[PDB]
């Protein structure tokens, strides 16, 4: 590789990605995490939060379409949506493409980070924060949910894995959190979320934990170019099986809502739910359920742990 500026990205405890930085646009520290935003010749702008890549300019459409539309499209008519996380503004951008959306509330803990995105990541938000239907709330998701009582048709959880024992993210991955979320869902409501990278137990544990809160839980996956990783996601609902696709339905909705998709197609979306034998077994055998009493977290070595926070 060429000499020069590079960022050392943690991927696993045995593999590290060294990404070339052409120029550093912004780097700093908020009261919640460190951030690094740099120009790369391949993926364009890259945002690092702490030690892990958070998003890249040229592949984020894949991640955000994958994260948002399966839940939005499986819901016959989403009017009110709640986004937990998604600080770059792109999750909101995709949510706002559905014409039935009347209100989209985004709740994020780090206001300073959101400001970084607003000023240096216009490629992501593309003016979504200034949409009259959008409402930004800087606060702790649980705190907000515990206080508020408004309900939603769709809730999109776009958070980072609870890696690290002292990581407060642990409290956002417990069965109680998912029940709190479910409490804020209108009848027929669906929840969509990024559920950790998949590599030969974060995703299976999250799937199992969510299943302790919802009747129907369906894992789906997609390779995210800029992360160099296969990521797991899931849809959850008590009102119906979100992955029981009826012939032609998803396709009809995409056309009807005039969604401008660059990555997904109706058939590709449904194919994301077709899982390989090894993943199915991992999901099937998982027994750990994260709880407020004993919140699960991943060790630096990538192991599933559980004990009081």
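Residue numbers count along the first chain shown, from 1.
Unresolved deposited residues lying between neighbours residue 143 and residue 144: Unresolved stretch here: none.
Mind pulling up the entry and telling me whether 258-266 or 61-69 has the higher mean Cα temperature factor? The entry gives the higher C-alpha B-factor average to 258-266.
Would you determine, from the values in the PDB entry, which of 273-281 and 36-44 has the greater average C-alpha temperature factor? Averaging CA B-factors over each stretch, the winner is 36-44.
Which has the highest CA B-factor per the PDB entry: 123, 158, 94, 161? Spelled out: the listed residue with the top C-alpha B-factor is 161.
Using the temperature factors in the entry, find which of 154, 217, 90, 138 has the highest value at its Cα atom. Result of the comparison over 154, 217, 90, 138: 138.
Consider only the C-alpha atoms of the modelled residues in this chain, order them by B-factor as the entry records it, and name the third containing residue 3: lowest, middle or highest. Middle third by C-alpha B-factor.
Lowest, middle or highest third: where is residue 206 by C-alpha B factor in its chain? Lowest third of the chain for residue 206's C-alpha B-factor.
Within this chain, which third does the Cα B-factor at residue 16 fall in: lowest, middle or highest? It belongs to the lowest third of the chain when residues are ordered by C-alpha B-factor.
Would the CA B-factor of residue 174 place it in the lowest, middle or highest third of its chain? CA B-factor rank for residue 174: middle third.
Can you tell me which third, lowest, middle or highest, the CA B-factor of residue 221 falls into for its chain? Lowest third.
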